[PDB]
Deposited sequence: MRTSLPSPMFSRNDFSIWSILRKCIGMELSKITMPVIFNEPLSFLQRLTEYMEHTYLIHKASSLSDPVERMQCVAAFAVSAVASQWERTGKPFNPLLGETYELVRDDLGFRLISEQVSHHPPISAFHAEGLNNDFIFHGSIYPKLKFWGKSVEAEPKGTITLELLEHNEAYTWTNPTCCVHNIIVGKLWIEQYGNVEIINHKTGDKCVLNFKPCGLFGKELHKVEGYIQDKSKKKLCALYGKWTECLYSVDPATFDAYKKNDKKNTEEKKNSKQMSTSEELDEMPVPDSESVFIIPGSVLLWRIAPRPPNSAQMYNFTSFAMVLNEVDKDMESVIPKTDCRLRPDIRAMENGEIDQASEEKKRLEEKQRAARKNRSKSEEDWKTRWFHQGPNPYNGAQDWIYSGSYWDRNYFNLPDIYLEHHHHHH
């Protein structure tokens, strides 16, 4: 009768249920495919393209001669870029290595190209341009996940850069942390909080934006408060609002005068417009079909539209061609699950094939390089994507 096992056990070190959930919920490679019922029919690259919904704020900024007024607009845009998150608790599809997404919005005067440049760590790079060459807006996002209590925090790591070309100025910042409450059981809902600093690298103007956490009682749900100061640290403007609604500007004096007087969703009031304030930005109302369509904005509903004409110009990596997202969008959930499993296995096989073949992954449209304004490691658009002439691109779809 045996008195022992023929081999000792394997030491799993720190690996936990959280480890599995982290890879699954986040954008890391995961051996377990996230079930399609938790998805929304967008790639993560398309989800990030929603940064561009209020690009009119950038065109407005470019048209103004006063740098402090420009900073108001850039602060408005920074807040507007993250504003569409409320109730977007569907997970966008984990992009495949080498997946790309492009968007041309003639009516909004920009185009954008994005690529999934890595899974170690998962980084999504993007590069947007004003069609009349008034701006460049780029960055890259690695969503770093932590688990607290009943919640997951996604920290969007990477530098955000806005170049107003007519003024020879760049602005940089980082985005606030995004919080997903009730991640295991209960009603999913979303918070954003954190301290954002926008730096004008030509003038030394700085904008401080505090995305307030809830606070006990929840009085501060979604609140944004901050100010613009000049190179001398003199406060020039007070900015206040809610990232889910609006951003306003007011004289710092006037603001301080007025200022003296299962986790559930707290009741948040649309805050009062301090008299004399200037309106900088208000969110677009969500359309009437939004609640039946993953709580998408009207802007987000356009992201994955494809037509035959589009199919003749976009590269084979564009996620409009990703068949599992297409099937989910059309109401074919079992087809979506089926294709998703296929796509993820094909990508695992190709990675193993690259390992045994000794060859390295080549990102097609971005390269690593220092951010020219703050020195940070960055992913920089390499050019040429919009020339078309696509030669020997990754084969990632079925």
property	result
Deposited-sequence ranges lacking C-alpha coordinates, in sequence order	262-282, 420-426
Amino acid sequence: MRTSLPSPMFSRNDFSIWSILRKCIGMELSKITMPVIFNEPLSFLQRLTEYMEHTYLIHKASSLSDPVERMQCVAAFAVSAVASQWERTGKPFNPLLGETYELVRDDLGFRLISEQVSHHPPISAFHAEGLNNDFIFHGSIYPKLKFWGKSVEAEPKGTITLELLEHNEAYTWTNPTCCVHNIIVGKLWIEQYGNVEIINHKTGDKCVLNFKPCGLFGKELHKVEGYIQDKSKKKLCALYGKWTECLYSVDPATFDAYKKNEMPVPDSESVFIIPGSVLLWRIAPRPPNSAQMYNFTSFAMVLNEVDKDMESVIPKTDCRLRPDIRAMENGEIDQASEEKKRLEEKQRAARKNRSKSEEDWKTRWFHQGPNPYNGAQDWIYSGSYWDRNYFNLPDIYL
From here on, numbers count along this sequence of modelled residues.
| query | finding |
| --- | --- |
| Mean C-alpha temperature factor, higher of 41-49 and 341-349 | 341-349 |
| Mean C-alpha B-factor comparison - 287-295 and 245-253, higher one | 245-253 |
| C-alpha B-factor winner, where the candidates are 271, 104, 325, 128 | 271 |
| Among 75, 178, 237, 162 - the residue whose C-alpha B-factor is largest in the record | 237 |
| Modelled-residue ranking by C-alpha temperature factor, third containing residue 116 | lowest |
| Among modelled residues of the same chain, the CA temperature factor third for residue 183 | middle |
| Chain thirds of CA B-factor: placement of residue 369 | middle |
| Relative C-alpha B-factor of residue 70, binned into the chain's lowest, middle or highest third | middle |
| CA B-factor ranking of residue 227, expressed as a third of its chain | highest |
